[PDB]
Amino acid sequence: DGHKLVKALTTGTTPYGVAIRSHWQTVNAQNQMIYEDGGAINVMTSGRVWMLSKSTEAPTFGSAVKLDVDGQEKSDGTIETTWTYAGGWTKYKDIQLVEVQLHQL
Amino acid sequence: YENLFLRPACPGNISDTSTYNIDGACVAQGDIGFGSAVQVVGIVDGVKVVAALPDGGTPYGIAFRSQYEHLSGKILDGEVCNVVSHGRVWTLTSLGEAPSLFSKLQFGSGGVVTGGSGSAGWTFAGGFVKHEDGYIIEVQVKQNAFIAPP
Amino acid sequence: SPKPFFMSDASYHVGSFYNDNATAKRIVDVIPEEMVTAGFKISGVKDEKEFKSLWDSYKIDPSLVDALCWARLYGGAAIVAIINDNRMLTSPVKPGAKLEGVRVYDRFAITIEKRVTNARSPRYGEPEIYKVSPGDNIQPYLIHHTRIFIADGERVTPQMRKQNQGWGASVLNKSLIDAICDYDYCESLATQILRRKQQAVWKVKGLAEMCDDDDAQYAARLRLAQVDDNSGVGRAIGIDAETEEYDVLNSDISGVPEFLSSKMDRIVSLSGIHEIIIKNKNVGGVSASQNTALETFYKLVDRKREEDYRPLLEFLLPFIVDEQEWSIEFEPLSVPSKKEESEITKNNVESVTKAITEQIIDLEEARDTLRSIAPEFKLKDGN
Amino acid sequence: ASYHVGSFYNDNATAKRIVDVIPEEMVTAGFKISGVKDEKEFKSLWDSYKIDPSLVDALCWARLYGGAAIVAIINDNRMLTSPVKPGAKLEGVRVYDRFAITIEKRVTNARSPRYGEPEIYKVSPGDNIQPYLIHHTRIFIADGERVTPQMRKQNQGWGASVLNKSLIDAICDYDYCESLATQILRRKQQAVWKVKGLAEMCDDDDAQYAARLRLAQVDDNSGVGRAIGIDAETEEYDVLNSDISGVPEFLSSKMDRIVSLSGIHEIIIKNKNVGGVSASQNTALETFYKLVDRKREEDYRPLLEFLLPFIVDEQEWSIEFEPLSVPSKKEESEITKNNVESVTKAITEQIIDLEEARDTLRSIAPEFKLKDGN
Amino acid sequence: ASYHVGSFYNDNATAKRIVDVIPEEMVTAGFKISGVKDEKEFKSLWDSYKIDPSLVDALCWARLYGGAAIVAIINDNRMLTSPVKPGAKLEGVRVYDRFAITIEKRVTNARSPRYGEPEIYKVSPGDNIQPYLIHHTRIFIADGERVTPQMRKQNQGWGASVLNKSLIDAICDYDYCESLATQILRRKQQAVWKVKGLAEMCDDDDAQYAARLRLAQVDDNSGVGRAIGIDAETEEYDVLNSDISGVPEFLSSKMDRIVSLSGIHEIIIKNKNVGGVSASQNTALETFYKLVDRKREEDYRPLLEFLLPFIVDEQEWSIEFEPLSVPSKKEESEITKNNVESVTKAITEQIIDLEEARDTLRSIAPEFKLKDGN
Amino acid sequence: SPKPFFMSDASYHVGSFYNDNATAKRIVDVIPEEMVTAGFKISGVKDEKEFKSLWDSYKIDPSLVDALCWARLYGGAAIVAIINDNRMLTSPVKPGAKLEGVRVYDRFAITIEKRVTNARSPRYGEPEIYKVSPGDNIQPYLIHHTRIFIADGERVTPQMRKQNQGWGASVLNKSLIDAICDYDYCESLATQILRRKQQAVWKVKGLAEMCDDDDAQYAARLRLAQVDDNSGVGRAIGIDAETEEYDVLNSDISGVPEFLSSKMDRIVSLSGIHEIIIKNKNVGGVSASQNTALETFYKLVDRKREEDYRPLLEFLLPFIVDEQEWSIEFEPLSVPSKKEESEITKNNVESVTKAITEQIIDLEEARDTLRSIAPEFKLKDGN
């Protein structure tokens, strides 16, 4: 059918999508929202989504998205991605978030 | 928040219920087979005239299977035709083995998939089954991917 | 899954399964004419001779029958009544008692012309003008709501109702459809198993050497068939020991009638009409259980009748009777017997005047009492 | 693997019967009203309003969705949000499903016993009409079956669908069993034909097409009266067979599970006479009547007290539910004979006089028409 | 694992029926009161109050959770904490489950026999309102079933659920049995295809995918009227089958265990008429009726002696429960004839006068109404 | 065995058996409840309306119910009655007829304090004073013999009667307990037999070469489960003839329902209360024998009632009745009904005065006679 098996991003790889909040969601040791090793995962491939970041400067509208090794937005990462920025930039409790527009690969 | 799968896996039909688009205001010149790429040769009164893909053309969509419009088994000259311009669809192929996931497909003559090393265009979606001593693949069609040369 | 933008499900499949298969004909047709021909009685009228005279003058009950038929099949039907009115056919009807015909249209022939949702009127949400497109090259003509009546089928979810422009659904849902469909498949497989009871095998070493489609192979096949047709219990066949062997293989057959009876029972269960009516076979082992089966069947048909037969009556009666207040009674749908009808007439005639002779109950009401329950005892109108 | 109940309702037939059989028969059973000066005009006015289709589908959607509403409009010179003044006026009633009704305003006054019960109902019919607000007295709410309160307040004080998970999957398993039985019948017999070197013949070519066409042709002409030829040295033709038994019994057991979970018995859900007994389905029916009346007393009467005082100007009245038993002419005549002889066999000697004997005889529903008078 | 009564009730239909079939019929049965001047106004007040659904729910939670509380509000000009002075007033009644009531104050003084009996009840309904206090006179409590005194004290004087462990696991085993039956029917027949060298296939390659493709395709086209060819040297095709029998009896035995442990019999729980006999199910239903009367005498009355003294100003009255029997229009007709013949067959010979004869004839509730008078 | 201290060890084995198992619940609560709810009637009293009024004013029947139940269960129970009197509860009771409260205790809360062996009074050899120790942080206290009454179960020989301190035994004897326990074992065995009906075996040469708890073995077992889940009638499984085989074996089931029916028969036969009251299943094969089974049940329950219910009557009634001589009679334990009561009352009213109009049997006592047999005919007292 085309059903796919997915895992975390690594070096020299091609990003596919971004996991989103859903019913299937577990808690890590540090109270972090995670997807367990065995189970269903929802991946959104087109549209606007809030994504974790570890940058320190507000991104410019429309510029290309550059990812980090572990799969989070970073201002000068070495992984190239087709997605774009949408302009949203905010900060949850001790967490940085950024608004990313994803195009279908 | 998930997308359902569609059951029949026959050539010429859609494979998923993701975002798709069907251009139903068209007519055919010549004969077309379900699951082949087509090209736009002209426009009359808001209607697009399509034909099977020649050498040197730019594909526009893929013929779509319907059980009322086409009672013969294929699309005939002078018939209204369904064409899929955006979405995942099962296509006829002459390849022998599945290409790399998310690669770029290349269309031989007659609108069949024969290449997996294109520069830009439609992409392989991960489905590869067997039909009639031949194979069927799953392609992801996007609207502005192939641009007509000036 | 992709689907046409002009949704149409009960358009061709229902009509095909109705006019081709017979069990569908029965399951959709047994009810309506039985309801309409059960009969009805009116109360509050001066007399009934003229009532029956006007009824069998108008002669509209076959139209009522097939109107209810299309209502049950296509999920909707309409009937238009024409009135002796000197006004344009768009206009409403003034009070009166007059009409010149009633004629029926199917679900496909009626649509809505304009809609009124005025707050003060309780008719908000009710389509006030119906646009009908008849057949046989007749131009469409819009109708005021007062003239026509719309009859629906069975209840559906409101979500489906609004999507189906306020119209019911067909009784032939896909579950009943494929339950009907696989019955023929099972019957065909049963006949195939009956054909395949016994087989014979004839083995001849070197038969592969035979040429394809030449005189030798044709001669061999002619000889084999010829010796096959003349064989039997009273005949013997000879073969060669070294070269050929003749064996017979057989298989048993049993349980097929029970399996088919189970399939028919499933058809009955999904239909809702019971055995001695849908299969029309008396069980035979019991003397008087078919009577209770048929009275349960009348329970079913009566509870269905109260839902749809009445609105037609309340729509037609005010145009035929000039009397101002009347009531509908439904005759007890049970066939009675010269024997027991004679007995019940005796019973009621002696009950009505066994003990009224000592009270103020006089002749002028005793006669109405005796001729109220429709007797075989006529009586000329008088004192 | 959870599916919305509406699709199952309007698709499957057994679900249709299970959800629909009770309310329609319940409402068509009828009733009588006591304390009324006369009943002819009562029936005339009742079938003048002719609201029973709306009543039927109101009860139906209350049974299915676990919640239904009826809006009753009245002749009054006030806005709909206002309460209803005393009187007996009615002009129309309409029916709305579970999804179009909510609660708006809260009352907690300890003085009235009305604390904890919604005061204003917020209706959102949709269909390009602005949602509006209605006072309590103008609306009645019909609920489904009883549920535990910890789920009741979680579901906004509303009932649950009568199609629970056990009923749903019990229904679903039956079709799977039927399909499996059909497969069992189809696979009764199998013919095997083996030929040395058959594997040498290559895929999807003319030789294979010819061979398989020949096999189909020879299979089409086999049977009792026809024989087939075989080469002994290379090829063999055998037949394997299997038996069938107990499938109807297993299907009957599954139907038993269906009827046990539904709670309505076989001659009503399967609608098949037992046939082996002539006078036991009558008590079967009376058990059905007892259960349906038991369920009716719970929920059908509230409509009666909701609507009846709004149409009758009389101060006092009562509801009696008609004896839900099929009435057979002959025994009806016999009962009428017994009643008429009892009512005046021994009143000739005491103060039981005609003005009340007539009332007694025309109260117990006779066929005896009698004009009012002394 | 599956022991939570709250979820089990609303997730299993059998639990639903087995828990609530009894009290609703109990209350709908009916009764009457002797020593009252008249009954018309009594029923008028009763159906004006319309608290029977709340009574049904209270009894249902009493049977399920082992304990429920019922609260009545009276027309009295004092604090709700204060006791109730003698009178006949009623305003409304509400019901709470086992989870909202507790104890505050004790009485253990010598002179009163009420020593050691609860005095003041702490009601904590929740619903964002302050929990409050109620005197013993206002609230009545309905219990479940008797237990050993040691468990009675351990459960702070509250009973136990009717769903004990034996009932729960007996119910659970039925689902396992039917699932095994479905698996049994699925595994009736199995086809095996043996090909020497098939092990040489590489895992998850085009060759293996095509092989299983062809296997499924050839399987889908077989049947009675179709044949399959194989190669004698390298492959063979076998079929193995197993029979089925006795599972209807097995499941019937499981259901019989369920009914025996429950105490409610087949024509009420399985809902099959026995069919092999004409008139024994009437005796079965009257056995059900005698047991339902036995349990009714235990728990339904206390509600009556708790509520009735608050509505009737009459001093001394008595209760009788209407004999539970389905009345047949016909048979009540003949019994009325018999009673009207017995009431005045020979009373015209002694001092028994019409003044008491009319009372006799209108006491046994007839279809003959009679205006009060001489 | 170690047990928690707050759960003091006193027959909690049988207590938990009672409060857990359902068949024990039925067998212990079936008799006393019906016994008490059967009702009774009293003769020699001026009137019975006030008797019933005071009776349901005191409303002690739930206490009587669980008193009898605990006496049947533990083999002993105590009922304590307090009277409106101006004396200490230790002293005896003077003549009078008063009640103010009555309460119940089980077997474990009662002991003997003072014993009498005086020669002249026949009362010697039975205890004089009872020491009750309710617990519940209230001091135990002492009761005179007359105030309270001790209810016992079934008779035992004097040899164990004397060692059980004049107290009977539990109705759940060893044989009954073991027979009840065996049924659950048989049911579990039946479930296992049904599960083990069919087995599939897969054989692969060299399969044992694989290390345990390893990647290859995990893959192989996942593949086995996957292919097992997808097999069926319409699906086939391929194997390799050279290396692996797939066999299936099966066993039948028969006689199990009869075996369990026989075990239930043993249970009911040893219990003594019969099938249509313990299994709650009508015989179904006959129309008019279950009623005779009922009257056998009523006869046995009446025989048991005569031994236990009366002592409560003669222990309590002398404290509530003011007149001197009375009779306690039991209603004939049979469910009456419309028909039979209607025609029986007809027979009584014709028998009471069909032929008495000729002799001295006159009206003032004829009315008393006719309303003595409890009729539906209410009558005002008078001449």
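As written, the chain order gives the labels A, B, C, D, E and F, with residue 1 at the start of each chain.
By our rule, a contact is a pair of C-beta atoms (placed from the backbone, for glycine too) under 8 Å apart; a residue touches a chain by one contact, two chains touch by 3 or more.
Engineer: Report which interface contains more C-beta contacts, comparing A-B against B-C.
Structural biologist: A-B
Engineer: Looking at chain D with chain E, do both copies bring the same residues to the contact (over half shared) or different ones?
Structural biologist: Result for this pair: different.
Engineer: How far is the middle of chain C from the middle of chain D, if each middle is the mean of its Cα atoms, in Å?
Structural biologist: Distance between chain centres: 20 Å.
Engineer: Starting from the mean Cα coordinates of chain B and chain E, work out the distance between those two points in Å.
Structural biologist: The answer is 62 Å.
Engineer: Whole-Å distance, chain A centre to chain F centre, using C-alpha means?
Structural biologist: 69
Engineer: Using the average of all C-alpha atoms in each chain as its centre, how far is it in Å between chain A and chain C?
Structural biologist: Computed from C-alpha means, the inter-chain centre distance equals 62 Å.
Engineer: Name the residues of chain A that each touch 2 or more other chains.
Structural biologist: Correct list: empty.
Engineer: Indicate the residues of chain D shared as contacts by at least two other chains.
Structural biologist: 180-181, 184, 186-189, 234, 243, 245, 267, 274, 276-279, 281, 327, 334, 341, 345
Engineer: Quick check on the complex: what are the chain E residues that touch chain B?
Structural biologist: By the definition above, chain E touches chain B via 206, 209-210, 213.
Engineer: Residues of chain D touching chain C in their complex?
Structural biologist: Going through chain D, the ones touching chain C are 6, 9-14, 16-17, 20, 24-25, 28, 40-41, 43-44, 47, 50, 52-53, 56-57, 60-61, 64, 73, 91-92, 94, 97, 127, 129, 178, 181-182, 185-186, 188-189, 222-234, 237-239, 241, 243-245, 247-248, 251, 255, 267, 269-279, 281-282, 285, 326-330, 333-334, 336-337, 340-341, 344-345, 348, 354, 357, 367-371, 373-374.
Engineer: Quick one: which bits of chain A touch chain B in the complex? Just the residue numbers, please.
Structural biologist: My answer: residues 1-4, 14, 20, 22, 42, 46, 104-105.
Engineer: Contact residues on chain C for chain D in the complex?
Structural biologist: 117, 122, 125, 154-160, 162, 169, 173-176, 182, 185-186, 189, 193, 195-208, 220, 224-225, 228-229, 243-245, 249, 251-252, 254-255, 258-259, 261-262, 265-266, 268-276, 283, 285-290, 292-293, 295-296, 299, 302-303, 306-307, 310-311, 314, 325, 327-328, 332, 334, 336, 340, 343-344, 347-348, 350-352, 354-355, 358-361, 365, 368-369, 372-373
Engineer: Once bound in the complex, which stretches of chain C touch chain B?
Structural biologist: For this pair, the touching residues of chain C are 1-2.
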